[PDB]
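The first chain written gets the first letter, and so on, giving A, B, C, D and E; residue counts start at 1 in each chain.
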Amino acid sequence: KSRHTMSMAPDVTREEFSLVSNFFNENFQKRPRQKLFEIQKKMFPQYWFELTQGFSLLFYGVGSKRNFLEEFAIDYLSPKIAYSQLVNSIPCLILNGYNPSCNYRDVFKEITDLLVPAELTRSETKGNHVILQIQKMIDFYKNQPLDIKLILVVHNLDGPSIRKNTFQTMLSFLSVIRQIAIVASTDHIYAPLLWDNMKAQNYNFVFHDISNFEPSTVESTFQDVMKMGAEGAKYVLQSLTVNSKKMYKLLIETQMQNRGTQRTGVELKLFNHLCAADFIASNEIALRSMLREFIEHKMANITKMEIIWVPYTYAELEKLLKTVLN
Amino acid sequence: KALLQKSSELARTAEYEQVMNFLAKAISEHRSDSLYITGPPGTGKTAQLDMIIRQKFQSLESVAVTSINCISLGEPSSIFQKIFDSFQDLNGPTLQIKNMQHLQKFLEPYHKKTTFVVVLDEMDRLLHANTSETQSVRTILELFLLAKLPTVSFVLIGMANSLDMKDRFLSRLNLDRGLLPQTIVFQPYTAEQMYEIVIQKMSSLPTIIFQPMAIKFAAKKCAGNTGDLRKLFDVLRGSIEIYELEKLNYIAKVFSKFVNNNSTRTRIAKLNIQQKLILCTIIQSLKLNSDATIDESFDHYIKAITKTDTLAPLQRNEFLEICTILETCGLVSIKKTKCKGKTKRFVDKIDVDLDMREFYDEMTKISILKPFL
Amino acid sequence: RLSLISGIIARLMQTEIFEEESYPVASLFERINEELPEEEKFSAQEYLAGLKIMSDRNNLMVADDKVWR
Amino acid sequence: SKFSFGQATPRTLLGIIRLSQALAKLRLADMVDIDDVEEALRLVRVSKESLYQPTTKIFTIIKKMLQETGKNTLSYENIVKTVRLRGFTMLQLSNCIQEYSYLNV
Amino acid sequence: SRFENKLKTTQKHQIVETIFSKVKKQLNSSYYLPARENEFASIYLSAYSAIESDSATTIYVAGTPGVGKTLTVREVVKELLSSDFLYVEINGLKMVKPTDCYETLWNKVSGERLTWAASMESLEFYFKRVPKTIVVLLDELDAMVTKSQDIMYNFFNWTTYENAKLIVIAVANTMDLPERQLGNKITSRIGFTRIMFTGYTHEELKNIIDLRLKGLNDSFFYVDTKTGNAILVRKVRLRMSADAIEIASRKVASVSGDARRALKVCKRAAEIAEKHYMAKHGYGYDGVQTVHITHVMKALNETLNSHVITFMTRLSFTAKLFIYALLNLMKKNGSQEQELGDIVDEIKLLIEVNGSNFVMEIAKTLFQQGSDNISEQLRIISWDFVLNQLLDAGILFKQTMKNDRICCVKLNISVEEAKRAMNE
């Protein structure tokens, strides 16, 4: 099974990747991107009018929408609605769904403090009373004068914590209230698996496409691939004793004398004698103790001759030869 | 003769010259360079920064710069409590030290507008705390953010053992952000900066403090795997009492404690020829590389001793005592391993520190184990 | 030249004839002119300067001249 | 196994009894002592050994033997030499070798 | 302290101090040492320097239990009271929770009862602020290492402060402990002193016995012939045969080198002669005596020899019927672990494969206790009982399943001795 693999790739370090990535995402398709941004700007009065009807507005589409939501929520809408009702403008409570550390307790503790504490609602705070406390919020809000006092934003609604099911139903009861406007965005292709006709009854979602093919700068940070071990032990050797460099150099030679697999490895006895030959290893214990340091940071393997072999590729070890060992 | 060597056991370093350049704005009251000070362990690095700040505080203008040790927290609140302890004041502490935005209100000084720099000691307890991208990396993320607009900024100086922590940073943070960039490392001083400090730490000099080339010999042949030469002088301070007890001599005394029984003193452990027989009996049971019970070993011990009649078959209770004679010398270890039938039930699996190469030499001299091989 | 003659001393430090990292000066002379390589042995200062290069390579030391630590 | 041959039969026990009777007949005695059986068993075991080419006192004697060189030898030619002049046979000390190996001496 | 006044009572009706009673008084494990003589100095000269110079060091000793490391360091501090310190026995295993030792230290500086949290704050506040003396014994260090090493880092980080008036003394089980459980960052702080304690040797094991037998070996007692009471009518003597004491030494030094094990096997062998002396004359509880070699021959063997072989032949019939079926499956299949229903399948089959013989009086009783009225039992009589009896005995082992057929059974003792004891 001769497969080309990501290990057999010309790799790129940390500062080299992120800088040339920053060059593309700020200079690749710049002119048509704001050219799209001016086209969709005329839809902004249409969103203002429908949002008076308490409609949970939901934005789908390819690409990141994070920049677009923050322009649309903060600068455009939130002072426009305060001027049209008649003083600080309408409070914006974003929810970063790409941040996995969102819970149901903490954000709702913000909500009841963002909303009015007209009564002693801490008396009803008791043991899951969250649905209980919001139910007492809802029926009171059915008989209030209709005006928006809060707009909340939920970025990346299919996020790693917001897509949890006890959190989803929590947002469902918020959306039936007329005083708050719910402007959220998702990115998943299976996002309408999240809602049944029970929740969408509470939601009354409407949909709009926004596809600007954004790079998702902030949304790439928490995500990881093998760019983010061959690269792990690449830094430990840069800070050690000078003898460990030499005893790894003698290790890496005869382990690449023969991918870097088990079969190219060496026996412990002769390697003790080999590192006794260059006046390096005194005995087995002095060898093994500064070999456990290569073991503790998982920089070498052993299987069974008593074969110690390096788990990095054929291409990687000669890169480890000519750069850091030399 | 005691008082010369009673005093033996107790600007100054050539690494302090680096950090004053790295604190080049700390005497002009501006924000200094970006300080993430790491190190391989034992390299003096805990007391290294402690040497700098104590020389900073004894030198230094209103003077208030505090340092706390992150050991017993697991949680980012009470650090911002301990910076309040240099004020000797009173406030509402709990909310202000909890949230990211709550720290920002705390950074408005009172008496004379001297900027503050914090020192985070032993940051690796919080790095190597609870799960990374949930709490601890977020804790790392939140502390290194210095986007504050006045020059009164909480400059971090944190420290760590293992150097994986930089690659653990997110790609936004690695875009030249905060205290990142100057990853000032400290290679372990072989003898060329640490021994000379010992020389100046021999300011009060006795006459016979030994041939110093042997001290140089001590430094050269300890620098294979070491970081603390005063502690490796604390092994000279033990051997200097050896020449008081007798009214690298000791490293020679300590390695023969560790190297032996495989080459020579294996037969010291087995003066009994049956102890030689029972030691080969363990390795013959190791063919089935299983949980090597004291019974499965006793199974192969009987079924071989009925074939070759070298001795009578002995008791299991005798088999219990004889394998413990193999135990106390340090050859074979016994552990109560896992079998999960009814409860966590403990059968005893053994493990041998001998090889067949170091076996075959000591058995060809005795042709009575030669039937057994 | 220098790698081979020290390489004999490696397997001759593998045995306990020096008993420690200490070794006498007569232990050297019974391990150069007694052992296998003939006429490679340099002058009285030169292979005595040759063992300095090993000390400069920090693998073996010279001390208390009747012995060497 | 590999070097084995035959098994123990009751005819061999009867032959051991007959050889002990022949050894007692050669000493012209009316009774069979303990010295004949230990000689006959040694005879029948050394007859096949060429293919490879009452205890406390004995323990005390071994200790006395040790009080000279301190040697734990496996097979004996000069330990047994101080035993036959006393009154005990070659078979009693033969058990004292194996038993005592449990003392690891 | 307080209640030892209340632990005393009055009426003590003249207890008979026999011959071997006064032996066991000094054969108690309580009351300069011969074996670890010079190593006492190696601790003390390491300790005397730091004490009279106001520093902070660490001393690490290891060894198997029974070698005096509980004892020797107590003898270090004991003479030091004659010549500035606060002695604490911070035992590891005597702490219920591992954090509870923190409470003791803050208690043993001023007398306050504070948090393990709140203690170590003020402890850290002590160890870097006080202008200028504390001896602490961190015994049995396997206990306080287990959770996440955050406790063990503290106890050596306090040593690093040059303004810390503390002297720590660690005593472990193994020298390996800061290399197979701790990190290297602790292993830098542990130092490289590493004073090894070996076992005792059998010559010194003679030299430790007579220290207890100082004023009583081959001495004389004053005895009335009526009650068996001895006083340090006859005037008798009691001698100890030193060769039997020697053969006690040559075993215990061989297997363990344990100083409790040497004393206690002499203590066990002492009371064997006690009851045999009381058997022959009967002085109850209200020419020249000795202790034979034959006493320590039994008592040393009494440490070894078992009874599970004697237990098995003294069990019930259906117990021995059970194991004989169980080895039959293990030689049929060679899988050492048989399903429970197959054993019930076998004990049915092991009836009729034997002939029509005693077996019928068995087979009548094996399925009904007489009583031809009630019969036709599927599994045998008391089959739950013997299987429960073999379970709590430790001979058998049966994994937990609600199915009473496919639950596996595993042997727990060696199956050959099970085969061997079955033969009787």
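We take it that contacts are C-beta pairs under 8 Å (C-beta built on N, C-alpha and C of every residue); 3 or more make two chains touch, one makes a residue touch a chain.
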item	value
Geometric centre: closest chain by C-alpha means	B
Most distant chain from chain D, judged by the mean position of its C-alpha atoms	A
Interface with the most contact pairs, given as the two chains involved	B-E
Chain centre separation (chain C, chain E; CA means) in Å	54
Distance between the centres, which are taken as Cα means, of chain C and chain B, whole angstrom	36
Inter-chain centre distance, chain B versus chain D - centres from mean C-alpha coordinates, in Å	62
Euclidean distance of C-alpha centroids - chain A vs chain D, Å	84
Set of chain A residues in contact with two or more other chains	293
Contacts with 2+ other chains: residues of chain D	104
Overlap residues in chain C, where contacts from two or more other chains coincide	none
Chain B residues within the chain A interface of the complex	38-40, 133-135, 138, 162-164, 166-167, 170-172, 174-175, 185-188, 190, 223-226, 255, 258-259, 357
Of chain A, residues touching chain C in the complex	273, 276-280
Interface residues, chain B side, partner chain D - complex	271-275, 307-308, 311-312, 314, 318, 325, 368
Touching residues (chain side chain B, partner chain E) in the complex	6-7, 9-10, 41-42, 46-47, 69, 71-72, 125, 161, 227-228, 231-232, 234-235, 237-238, 241, 244-245, 254, 257, 295-296, 298-299, 302-303, 315-318, 320-321, 324-325, 328, 339, 341-342, 345
Chain E - residues contacting chain D, complex	247, 250-251, 254, 293
